[PDB]
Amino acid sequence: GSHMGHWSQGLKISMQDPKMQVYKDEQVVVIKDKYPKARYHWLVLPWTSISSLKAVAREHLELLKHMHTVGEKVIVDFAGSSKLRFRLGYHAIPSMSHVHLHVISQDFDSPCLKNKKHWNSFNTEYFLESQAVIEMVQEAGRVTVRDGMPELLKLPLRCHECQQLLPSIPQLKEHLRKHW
């Protein structure tokens, strides 16, 4: 297939679709995640093309902080009266091209969350806190990721709220209900 039409370039198309955009300014766009892994799941992307956190440098520090600020504003505007917790962050190893910040509610109540990989990508060190990434860029000048990230995706299912170990995704989804 073509480069432009490859599955990995999908965000570059979605970020330009008015029906997916929930906020725009001079620097960033916010879209709904197409396969949300919780009740609220947005992606914040800069208009400027940066392939991944591997290409981030100190020139991008203000932009990374701006993406975070916008993420927090979207939470207020769209889910302010919600009693939900949110996290903002980046997958240690992304799949989709173009840097994008995850803004996701912590219920993890969604049909699109289907496997151990989905769970661990948001609930282990594989999920890099937005603030941590920002501070690493500020102090070290670039983002580095330690070895062993793919292995984290295979860890036994463990609830993010109470640390209980669950034997399956259906049982985990059931268990999560108690933290509503």
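Residues carry their position along the shown sequence, with the first being 1.
Next on the checklist: Quick check: 29-37 versus 143-151, which has the larger average CA B-factor in the record?
Outcome noted: Per the PDB record, 143-151.
Checklist entry - Higher mean Cα B-factor in the deposited model: 74-82 or 92-100? => result The stretch with the larger mean CA B-factor is 74-82.
Next on the checklist: Where does the C-alpha B-factor of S52 rank in its chain, lowest, middle or highest third?
Outcome noted: Middle third - that is where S52 ends up once the chain's C-alpha B-factors are sorted.
Checklist entry - Taking the C-alpha B-factors as the PDB entry records them, is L172 in the lowest, middle or highest third of its chain? => result Its C-alpha B-factor, which the entry lists for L172, ranks in the highest third among residues of this chain.
Checklist entry - Looking at the C-alpha B-factor of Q9, is it in the lowest, middle or highest third of its chain? => result It falls in the bottom third of the chain.
Item to check | CA B-factor ranking of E59, expressed as a third of its chain | outcome: Ranked within chain, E59 CA B lands in the lowest tercile.
Next on the checklist: Considering every modelled residue of the chain and its Cα B-factor in the PDB entry, is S130 in the lowest, middle or highest third?
Outcome noted: Lowest third.
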